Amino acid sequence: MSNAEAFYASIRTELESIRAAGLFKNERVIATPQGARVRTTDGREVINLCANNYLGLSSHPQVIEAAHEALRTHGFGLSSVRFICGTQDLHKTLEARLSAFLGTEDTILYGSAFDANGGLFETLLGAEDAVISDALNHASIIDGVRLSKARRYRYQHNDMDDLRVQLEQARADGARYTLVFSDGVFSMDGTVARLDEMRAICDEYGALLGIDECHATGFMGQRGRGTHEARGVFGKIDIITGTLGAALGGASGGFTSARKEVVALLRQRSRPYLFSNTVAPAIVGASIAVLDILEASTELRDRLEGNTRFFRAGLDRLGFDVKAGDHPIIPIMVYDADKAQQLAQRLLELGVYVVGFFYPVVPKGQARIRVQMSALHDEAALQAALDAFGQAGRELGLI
């Protein structure tokens, strides 16, 4: 046995253990555009209830047409980072429009929200500084923090008292600048960070407040500006990182939105911005069309909150443990990972497309289906899916 082939055996052993634990993820091959209804390669049409396509913009024909026109005017790829020959007029326009949309001075585009978080903390903070994360922060945030030299603190999920505890220990530890950072809306449980309280706590200690808005931008808040609008702290946020790949088009891209001087240091120093490709022209162009759509009417936002309020009441009535208000992320807890695999595959047989969340995506013993509402869903599909959840929820002992 050679070391290299030994290595491949440890990999194959690891892959076999993951199956045995029921934790192996199987990809489903979709044959159609993203949509509230979708078809797999077997030709079966099913209701998609697990997409980040909150506002239906992923296949919106005006967004689609703006991609066609940006290809015509501005080409397919740029094959360059921003500071060389990857900045088109489109990127500057989109950054201006996102900053106005979000209430910030400026905005810097990244290839993904993952890389915005990746290149944020190491650029702005040093060994003398502290970052203090909600314990449930998205993986991209944790890895961005791990790449920084900052001192790290974690506070219990949504626990404003533990947040005060950590800011005390961080100040005691001699922190110079302190950044409190959290998902605006949490990926896996739908809860909404208490930004109004956190803005107050931050001011008291003099800490910066940064949020990750991937699951808020476009629909949270009366005008879909984000969690900070819904919490009454619009214009009061130090750092917004976010994605173009959820409600704002779904294709690719991310951003950091902040005061002008923060954004300016990120262009000069942030590693993903210096060393990774610019957002593709058709993407930037369609994102500008997305902002025109959402600033013209809150209808899509309102429709989402409506469908959500409907489908949440529905799951309440059936005996599922869902709070039943608004929150387009409806986490249906099943704890056991094998149950989650069963429920996902039973619901697929009854014409509903959802997917099992289990470790390492969610913690062990806390498996779940993450149901995700879209503004696309019509009452027929909504009522249809409730029947599939009621039936499958009874066949497998959940209600």
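A residue's number is simply how far along the shown sequence it sits, counting from 1.
S.K.: Between 129-137 and 270-278, which has the larger average Cα B-factor in the PDB entry?
M.R.: According to the entry, 129-137 carries the higher average C-alpha B-factor.
S.K.: Mean CA temperature factor from the deposited coordinates, higher in 185-193 or in 311-319?
M.R.: Comparing 311-319 with 185-193, the higher mean C-alpha B-factor belongs to 311-319.
S.K.: Per the entry, which of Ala70, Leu347, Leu57, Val38 tops the list for Cα B factor?
M.R.: Comparing C-alpha B-factors across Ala70, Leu347, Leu57, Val38, the maximum falls on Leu347.
S.K.: If you check the C-alpha B-factor for each of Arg171, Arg151, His91, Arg259 in the entry, which is highest?
M.R.: By C-alpha B-factor in the record, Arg171 ranks first.
S.K.: Can you work out whether the C-alpha temperature factor of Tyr205 puts it in the lowest, middle or highest third of the chain?
M.R.: For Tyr205, whose C-alpha B-factor we compare with every modelled residue in the chain, the answer is the highest third.
S.K.: Is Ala340 in the lowest, middle or highest third of its chain when residues are ranked by C-alpha B-factor?
M.R.: Ranked within chain, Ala340 CA B lands in the highest tercile.
S.K.: Sorting the chain's CA B-factors, does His74 end up in the lowest, middle or highest third?
M.R.: Lowest third.
S.K.: Using the B-factor values recorded in the entry, state whether the Cα atom of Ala51 falls in the lowest, middle or highest third among the modelled residues of its chain.
M.R.: Tercile = middle for this residue's CA B-factor.
S.K.: Of the three thirds of its chain by CA temperature factor, lowest, middle or highest, which one includes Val352?
M.R.: It belongs to the highest third of the chain when residues are ordered by C-alpha B-factor.
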